[PDB]
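Q:
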Amino acid sequence: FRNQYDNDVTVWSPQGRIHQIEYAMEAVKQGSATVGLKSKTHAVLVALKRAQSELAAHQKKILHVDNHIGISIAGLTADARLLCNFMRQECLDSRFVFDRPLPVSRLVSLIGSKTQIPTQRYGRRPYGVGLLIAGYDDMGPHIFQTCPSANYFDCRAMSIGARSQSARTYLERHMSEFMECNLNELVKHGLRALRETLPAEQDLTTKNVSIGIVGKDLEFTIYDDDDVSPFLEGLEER
Amino acid sequence: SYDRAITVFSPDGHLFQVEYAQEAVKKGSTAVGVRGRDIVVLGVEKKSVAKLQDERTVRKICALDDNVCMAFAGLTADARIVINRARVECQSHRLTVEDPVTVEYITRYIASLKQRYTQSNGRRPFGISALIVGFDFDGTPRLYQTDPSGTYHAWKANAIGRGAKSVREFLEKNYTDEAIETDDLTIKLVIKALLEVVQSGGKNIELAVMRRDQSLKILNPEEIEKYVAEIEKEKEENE
Amino acid sequence: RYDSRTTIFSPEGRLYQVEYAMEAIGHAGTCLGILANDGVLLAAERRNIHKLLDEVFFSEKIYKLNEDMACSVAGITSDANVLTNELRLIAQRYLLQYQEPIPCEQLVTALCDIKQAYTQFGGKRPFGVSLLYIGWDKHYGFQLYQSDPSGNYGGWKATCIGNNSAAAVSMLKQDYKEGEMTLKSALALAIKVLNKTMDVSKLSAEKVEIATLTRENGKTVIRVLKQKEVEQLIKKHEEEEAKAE
Amino acid sequence: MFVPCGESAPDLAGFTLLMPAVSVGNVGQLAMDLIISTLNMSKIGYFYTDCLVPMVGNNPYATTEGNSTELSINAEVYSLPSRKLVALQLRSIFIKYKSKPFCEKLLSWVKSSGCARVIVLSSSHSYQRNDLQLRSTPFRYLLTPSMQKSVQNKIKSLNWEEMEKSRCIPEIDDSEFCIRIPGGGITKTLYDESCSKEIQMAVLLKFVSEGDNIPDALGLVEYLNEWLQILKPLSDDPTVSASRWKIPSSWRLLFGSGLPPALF
Amino acid sequence: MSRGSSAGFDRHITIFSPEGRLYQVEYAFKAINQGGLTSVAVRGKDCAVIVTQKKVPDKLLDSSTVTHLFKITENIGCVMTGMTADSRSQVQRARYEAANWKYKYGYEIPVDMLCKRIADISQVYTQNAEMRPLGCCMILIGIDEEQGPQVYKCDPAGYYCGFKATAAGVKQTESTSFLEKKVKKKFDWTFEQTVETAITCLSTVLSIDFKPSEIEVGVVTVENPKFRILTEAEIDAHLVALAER
Amino acid sequence: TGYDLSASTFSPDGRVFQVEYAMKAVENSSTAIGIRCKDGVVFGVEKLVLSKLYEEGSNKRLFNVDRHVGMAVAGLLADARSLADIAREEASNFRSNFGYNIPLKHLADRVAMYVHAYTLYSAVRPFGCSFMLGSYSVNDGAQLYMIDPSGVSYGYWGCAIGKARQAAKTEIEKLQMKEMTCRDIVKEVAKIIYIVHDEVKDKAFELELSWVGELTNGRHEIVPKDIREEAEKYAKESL
Amino acid sequence: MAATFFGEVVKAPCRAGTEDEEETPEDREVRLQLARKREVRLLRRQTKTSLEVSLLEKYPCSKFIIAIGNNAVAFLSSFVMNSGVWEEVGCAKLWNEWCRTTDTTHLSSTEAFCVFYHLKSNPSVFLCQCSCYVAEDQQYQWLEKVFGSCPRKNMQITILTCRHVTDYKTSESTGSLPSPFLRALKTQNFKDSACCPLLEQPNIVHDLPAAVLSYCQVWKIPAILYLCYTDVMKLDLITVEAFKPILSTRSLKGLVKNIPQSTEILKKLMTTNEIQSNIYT
Amino acid sequence: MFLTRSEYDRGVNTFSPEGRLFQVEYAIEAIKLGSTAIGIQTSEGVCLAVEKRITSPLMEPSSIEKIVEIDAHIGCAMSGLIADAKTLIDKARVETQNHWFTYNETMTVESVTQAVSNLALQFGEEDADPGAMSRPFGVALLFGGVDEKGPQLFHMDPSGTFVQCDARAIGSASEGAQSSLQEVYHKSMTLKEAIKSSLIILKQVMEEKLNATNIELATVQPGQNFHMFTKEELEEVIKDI
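Going down the list, the protein sequences come from chains S, Q, P, g, U, T, f and R.
Each residue of the first sequence is one higher than the one before, starting from 2 at the first, in the authors' numbering.
Each residue of the second sequence is one higher than the one before, starting from 2 at the first, in the authors' numbering.
Each residue of the third sequence is one higher than the one before, starting from 4 at the first, in the authors' numbering.
Each residue of the fourth sequence is one higher than the one before, starting from 1 at the first, in the authors' numbering.
Each residue of the fifth sequence is one higher than the one before, starting from 1 at the first, in the authors' numbering.
Each residue of the sixth sequence is one higher than the one before, starting from 5 at the first, in the authors' numbering.
Numbered according to the authors' numbering, the seventh sequence spans residues 1 to 22, 30 to 288.
Each residue of the eighth sequence is one higher than the one before, starting from 1 at the first, in the authors' numbering.
Here is the structure:
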């Protein structure tokens with residue numbers, strides 16, 4: 002019973018703790034699964050699509066931001082749209098002022114700076130959205146994970162959403178065999194990781210997967226339904 | 002719920018300020034209107050007699066413009082503020098979009114203001130509902146009735162305030178084409194309607210009509226006592 | 004269900020805060036005005052029991068507003084000071100804008116609008132004051148208006164505010180006449196009123212405010228009655244109940 | 001419906017009965033838990049009712065493996081004829097529209113049983129304190145007239161502070177001084193009902209700060225201690241009571257589960 | 001709009017008690033003694049001297065960076081008591097304050113005026129709803145033009161006064177008692193039988209003889225008016241003089 | 005306890021409880037160490053590896069904050085980032101206007117003033133983090149300042165913050181840092197880190213180190229990999 | 001309840017849940040009408056009568072396996088209802104914050120108000136199916152509608168419910184547990200052996216299954232609760248298979264027959280499951 | 001753990017336990033008081049029908065404009081709190097015109113719904129007067145349109161989320177309508193076939209019986225602009241039951 006203390010973002014508990022932030026932490030894993038692996042040369046984004054509203058076309062998780070950066074969402078749609086709108090605005094400002102893509106490691110820092118703003122002040126809430134951002138620049142392929150903790154994590158393969166931990170275990174096991182993969186095999190590995198989150202009774206369909214890719218020469222293209230057939234096909238079962 | 006964010010959704014969603022102000026108009030003095038073939042009557046009682054009053058100041062019936070009048074019920078001062086703001090907007094429209102405004106447009110403006118007293122923790126909801134009535138640009142009769150929620154429905158004829166329901170289901174039980182053919186019978190229906198609710202006779206019921214394209218004419222305590230003239234119509238021909 | 008901060012309704016739609024405000028009015032000094040055929044006269048009660056008080060100058064509850072009107076007050080006195088300053092300000096600004104004295108109805112309306120607005124967005128306490136207005140305009144002759152913290156208001160040929168006010172008007176309305184209410188008779192009957200509604204203490208010249216509104220020679224004249232005529236009237240009163248037996 | 005755990009006879013003809021007052025902090029409940037922990041009252045029966053919101057635990061007073069598997073609900077009754085004590089433990093909270101009839105039924109059952117003393121543990125909102133109680137100690141006591149007239153010597157000795165019951169029609173200067181416990185839960189209702197039934201009963205309350213109430217609970221159990229002496233005279237320099245009052249095993253982590261290793 | 005004050009007498013500063021006593025001010029006053037330090041301020045006809053402990057319960061610390069004597073102007077200095085952070089801030093505040101004074105009036109701010117302005121700043125905190133009073137007391141020394149040295153001490157309450165000799169901190173009551181005893185009888189205080197007496201005060205009230213590492217002393221002299229701080233190269237010699245008697 | 009719901013509150017005995025909560029917040033995080041040596045300043049922070057998945061270098065806590073000062077944090081990461089990039093305009097606002105390089109004392113006294121500003125307002129909560137400030141220059145030698153959420157600034161000969169604070173400092177004071185050069189310092193720093201490091205509850209950590217001083221000529225920079233590796237070898241063989 | 005304007009009084013609620021202000032004649036008049044409103048009607052569907060006598064007295068029972076929670080009811084329906092033939096003697100007429108909107112409907116196919124079922128071969132086995140949230144007083148109302156105050160000693164109860172892993176409190180972080188997982192609680196008289204480890208001492212259960220368990224334990228009735236702590240309350244396959252160890256207990260040995268046909272029934276049901284919003288919640 | 005104090009929704013934008021905001025799901029099924037509305041999106045066009053649940057005969061039915069068009073090729077269906085629903089509508093209209101003159105074409109339906117969603121979500125700036133509600137909208141919206149998609153349908157919930165849904169029903173009987181519709185829906189549907197099936201399900205769901213006045217429907221097809229059906233059209237449609 003410390004529920005005097007888990008009620009406003011701006012109130013500390015007598016544990017050196019903020020409970021609203023960790024509630025926002027728990028909020029995102031009620032979203033949808035995702036995968037954020039990487040290669041020497043490619044960054045792809047595997048996502049599971051809300052195949053619960055049947056006979057109604059579903060949502061979109063992988064959102065194009067800039068030709069060299071794309072993102073994914075797993076938390077509050079509202080925060081997701083606001084943050085992606087800010088993403089587009091900042092990328093356009095960068096390409097305007099500098100006539101060059103914005104390197105990711107700075108954009109993500111700005112993300113963190115912005116989302117920290119409500120963390121400290123009364124009358125606001127943390128941006129309860131989980132973000133996987135994928136991008137490529139002169140430094141090379143990158144995957145950055147973002148949490149409503151206003152703190153981001155630079156990983157090379159991440160999963161946020163329901164049952165993500167199984168995918169995380171699978172990715173930590175297969176860590177080594179991502180460094181050298183052509184596009185299709187990298188996407189296949191991410192697909193297998195996502196599939197493991199699904200129950201064995203389920204299969205990744207073209208109707209519920211939203212692969213998106215950026216590359217050294219392939220600008221961030223989002224692969225929606227049946228267009229993902231070539232990647233999905235040829236996939237061995239569990 | 003309690004004080005803060007004065008307009009909070011209810012656990013089921015029953016926005017408490019809305020129906021709380023809704024209840025404000027059941028202690029509001031009963032008003033009513035009828036949209037006739039070529040005349041519109043706007044009747045309202047004043048069962049707070051205080052016969053040592055100036056009736057001029059305590060009318061319920063205010064006129065919005067050359068082509069619009071209204072009545073209300075509830076917190077009087079709030080209604081006065083509404084009336085002044087609506088008059089200002091009507092003047093602005095007649096300046097900018099110069100034309101006599103239609104009843105629907107001013108009603109929609111009223112509803113927009115009324116419902117925009119729902120944001121902005123700040124401002125509290127208004128405790129009035131109105132009976133906007135007037136003749137259009139074309140001369141057709143019109144009628145519009147709103148509620149603190151923000152809805153701005155239109156009626157053949159409606160009543161608001163204290164015991165408004167009983168008046169309503171008297172009204173459809175008697176509202177018919179062979180009740181509006183004559184202006185005298187048109188007003189007589191309103192007379193009887195409040196007779197059902199009045200303090201036992203033609204006591205302090207203030208009303209006025211607006212025939213087409215002339216003005217708001219105050220139905221006055223004439224030598225015949227216009228009020229009790231129609232009143233005695235019902236007294237000695239309701240048998 | 005719960006009451007606070009002057010902007011929330013109870014499950015009956017009437018504002019608790021303003022209804023509380025109309026309770027100090029029930030505790031404020033009794034104040035009443037009478038509308039005569041050819042004048043207006045106004046009475047009120049001093050809570051000035053202390054003999055160490057002084058400087059009774061020109062009023063103690065009768066605040067004068069424009070060239071031709073004055074008001075009377077009951078409630079939180081400093082609230083009243085703010086209200087009266089504001090009233091004078093808009094009265095003079097109306098004159099500036101129009102080069103005409105403010106009609107009484109317009110001024111009362113413009114004030115009660117602000118009073119109501121404080122029963123609206125915000126949260127700060129409303130004015131705990133009920134106001135009486137006596138004045139004249141070319142449109143309507145002598146007029147008398149009551150004000151309410153709710154913003155409600157009305158014209159009265161006779162009204163009272165303060166303690167015992169309900170009883171006072173209860174006797175008045177069984178006593179007031181339709182239009183043979185001359186200034187001196189109205190004074191005498193107002194003094195009878197105040198005598199009867201006044202508390203147990205015997206009535207004194209040193210507790211009444213009597214100020215009148217009159218016309219001569221195209222000018223509107225407001226006086227605060229001096230003492231001497233006050234004992235004149237009150238001793239007249241005690242002897243015409245020397246009739247009453 | 002007071003049902004014993006085994007359809008037995010608790011024969012509570014003269015055992016002092018203890019119950020806590022559901023109030024801010026649940027300081028009464030916490031203090032009662034500490035009392036049962038330190039004196040190890042055994043569970044004899046249940047006080048069944050359709051009044052409180054139902055919770056289930058598994059013997060929060062668990063000490064060994066054997067007693068850990070004992071199912072526990074919000075309403076149990078612990079008694080100890082070793083020092084003539086019986087205790088009523090309440091875990092959950094009060095359903096709306098039900099507290100007062102519950103108190104009436106409780107006193108009816110007490111009359112059917114007839115305990116010795118009906119001492120109550122309560123607490124009050126610390127922000128609703130006048131300056132007279134703000135200057136002084138947070139210890140307060142109320143005793144029913146039936147039993148105060150006899151024991152008053154001990155309280156007179158121990159230097160407590162009598163709560164000043166306030167006007168319950170306050171604005172009238174001649175209205176009666178009258179019971180008023182802010183944030184008292186069912187405490188005032190219990191006191192008024194008890195004096196109406198002329199039942200020997202005691203009310204002890206403290207003004208409580210917020211958050212953890214371990215200092216509050218220990219203060220309250222000590223405040224019960226000096227009058228009841230249901231435990232050895234503490235002899236304020238503790239040397240034991242600093243580590244004598246053994247905390248119930250259930251009082252593990254309360255504020256949460258743990259630090260989520262994702263933000264620090 | 002804002003989170004607001006917690007409902008309670010002691011919960012927040014703005015609410016008055018039934019006797020209108022500000023609780024949070026008392027809470028600040030007995031929040032001053034956090035840190036254990038107690039300071040003493042005494043002044044003679046030539047000098048004003050302020051002395052306090054230098055608690056260094058860690059030798060990972062640097063003695064230089066830890067201090068409580070903060071020069072405000074080259075002529076005017078001060079001492080701090082209370083929590084460290086608010087003392088930080090008010091030192092900043094007063095430095096800015098006096099600089100603005102000199103800029104806007106062309107001459108060095110008098111000690112009393114600086115104290116008054118700081119007291120005003122502290123007071124305005126006790127007016128608002130999300131201000132928290134700066135729980136620290138700050139003491140001044142300086143030579144104005146003719147009045148020689150002055151000693152001034154504001155407080156979280158905003159009360160200040162000029163002191164012939166004063167002190168603040170934990171053992172403040174005992175310091176004040178010894179100060180009264182000394183001031184009543186021996187009162188020349190040139191420079192050595194001077195404030196060195198206050199060092200005797202601080203030692204006697206606090207502990208055994210001090211050796212200077214624990215002591216921090218700053219002075220201003222009428223004939224040499226710089227705010228300047230003595231060291232263990234200096235304070236040691238003083239205190240060996242004091243030890244012998 | 006109790007009156008601990010706003011920063012702008014005072015305890016019954018005069019404490020600001022929601023600064024002590026931040027004091028225990030910095031307790032939650034992991035240890036960070038910085039030692040001032042004969043002619044430079046050396047930092048060192050061990051980072052908990054939450055998962056092998058994360059790329060090395062993420063969650064860095066060794067922030068370059070200008071050319072000549074360095075910064076290491078502990079406590080809440082996001083607010084640490086916030087104070088970090090605050091300290092990179094206070095520098096600009098001192099160099100863009102005053103040209104030369106920021107002295108450490110002034111930079112601390114303002115950033116400490118900033119965090120104290122946060123620790124005194126109800127509308128905000130204190131930054132639940134503490135951090136270090138180290139630098140070196142020929143005109144000013146080497147300095148080290150520690151800042152806690154309370155807003156207090158202190159210069160340290162050697163200091164640490166985190167959940168092994170006590171153990172860290174108790175291992176620190178056993179060294180003659182005032183007369184030792186950086187090469188002898190780095191090995192000692194790693195030694196302290198590994199000695200105080202807890203694994204049985206916090207296995208899977210990582211070592212990170214950086215300094216600034218004479219060896220890099222007043223330029224803050226991360227420890228070169230080879231020195232890091234040989235110091236790690238020393239720490240392991242120091243068992 | 002503050003911040004209507006600047007600089008105001010917060011008034012935090014109370015920690016015993018005491019913000020009920022510690030009863031005028033019109034108040035208990037409206038209390039009478041309100042109590043008669045919120046009626047838990049043991050409605051004999053299509054007849055709605057002849058059920059005044061409670062089940063333990065209306066029809067002697069031997070097994071009362073009850074599911075509370077959308078996933079619990081899905082689990083029991085799919086793994087038992089397909090096995091045998093289960094007709095409904097009746098259900099419970101329940102209005103509250105949940106299952107609102109004119110409870111009399113098409114039977115609320117994608118909702119639930121405690122629909123009971125009994126078998127053909129041995130009709131002594133009852134299955135109550137509902138995730139409906141009954142009011143704090145209404146648990147007692149329903150329980151004495153079905154059971155009454157006469158606790159018989161021939162019937163045994165299995166209870167299923169789910170609560171979020173966020174609620175579970177253990178020394179380690181919740182987001183580090185192998186969710187979903189299982190916990191159970193036994194009555195004092197429930198001498199029957201369990202299949203999953205008991206709940207840890209601090210963490211408790213405060214709800215309708217707590218009501219049922221309290222009733223059974225207090226009145227000596229042997230009963231058992233079964234509890235899975237999952238991360239999502241939506242209709243989830245995984246949390247369905249989380250309860251799979253129940254398929255070995257003594258009370259269930261004679262019911263479950265076919266697993267894969269159950270699994271295909273589940274895929275049918277959650278392919279046609281609710282239209283649960285795309286907010287990600 | 002013991003239940004104690006807790007401020008629940010004192011602040012707007014307070015995350016619930018298990019991370020699920022209050023006002024948003026308070027309004028989600030404050031919607032369920034709203035009238036049932038049906039929308040079918042087939043290749044031939046879309047149809048938007050809704051009950052008006054005439055409370056009393058004393059209203060003439062013409063007043064309740066439950067259905068409006070955002071533009072000539074964007075019709076809108078709404079259910080729930082009409083009050084701020086009209087402000088939503090007005091923003092949609094002004095945004096459509098803004099796109100139209102700034103960009104000389106017809107603003108596509110998807111962008112319209114996306115901008116409308118943008119309009120929501122601005123709850124808490126209680127200190128900031130400009131741009132406020134401090135209240136989520138309590139109305140669900142249905143958009144029909146024709147563009148280089150042609151027929152389209154978008155459902156909005158009071159949470160700033162939407163989908164390229166087709167055959168999506170909202171209202172008090174929303175779940176029953178959706179369930180029946182699922183089994184009723186056909187992938188290739190002719191225009192009055194959607195009209196017919198939707199009208200049958202409406203007749204099946206609502207409380208009052210069905211006539212011309214009881215409901216209304218509107219359609220847009222690639223042929224031409226928004227059409228709002230008149231009475232005699234409703235009789236000549238409901239002739240066949």
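Yeah, the Cβ is synthetic: ideal placement off N, Cα and C, and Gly gets one too.
With a CB to CB cut of under 8 Å and the five nearest residues on each side skipped, what residues in its chain are close to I245(f)?
A: Your numbering for residue 245(f) matches position 238 in the seventh sequence. Annotation for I245(f): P187, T237 place their beta carbon closer than 8 Å to its own, counting only its chain and skipping 5 residues before and after.
Q: From the DSSP output, which residues share a beta bridge with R239(S)?
A: Residue numbering aside, residue 239(S) sits at position 238 when the first sequence is read from its first letter. DSSP lists no partner for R239(S).
Q: Is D157(R) helix, strand or coil when you go by DSSP?
A: Along the eighth sequence, read from residue 1 onward, the residue named residue 157(R) stands at position 157. In the displayed model, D157(R) falls within a strand according to three-state DSSP.
Q: With a 10 Å radius around its C-beta and 16 neighbouring C-beta atoms as the bar for buried, classify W100(R) as buried or exposed.
A: As a position in the eighth sequence, residue 100(R) is number 100, starting the count at 1. With fewer than 16 other beta carbons inside 10 angstroms of its own, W100(R) counts as exposed.
Q: Any idea what DSSP makes of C202(f), helix, strand or coil?
A: Here the question's residue 202(f) lines up with position 195 in the seventh sequence. Secondary structure of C202(f) (DSSP, three-state): coil.
Q: With respect to the beta strand (DSSP E) encompassing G77(U), which residues constitute its N-terminal and C-terminal limits?
A: Position 77 of the fifth sequence, counted from the start, is the residue given in the question as residue 77(U). Per DSSP, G77(U) belongs to the beta strand (DSSP E) from 77-82.
Q: Does DSSP put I199(U) in a helix, in a strand, or in coil?
A: Along the fifth sequence, one-based indexing puts residue 199(U) at 199. Correct three-state label for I199(U): helix.
Q: Closer than 9 Å between beta carbons: that is the criterion. Which residues of the segment 108-126 of chain Q meet it against chain f?
A: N122, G123
Q: So, is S2(Q) buried or exposed, given that buried needs 16 or more other C-beta atoms within 10 angstroms?
A: Residue numbering aside, residue 2(Q) sits at position 1 when the second sequence is read from its first letter. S2(Q) is buried by the Cβ-count criterion.
Q: Put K52(R) into one of helix, strand or coil per three-state DSSP.
A: Within the eighth sequence, residue 52(R) is the residue found at index 52, counting from 1. Coil at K52(R), not helix or strand.
Q: Relative to the C-alpha of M25(P), which residue among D202(P), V59(P), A77(P) is closest?
A: Against the third sequence, residue 25(P) aligns to sequence position 22. Closest by alpha carbon: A77(P).
Q: Residues of chain f with CB closer than 7 Å to the CB of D157(R), please, in chain order.
A: Within the eighth sequence, the letter at position 157 stands for residue 157(R). Ordered by position in chain f, the residues that pass the 7 Å Cβ test against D157(R) are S284.
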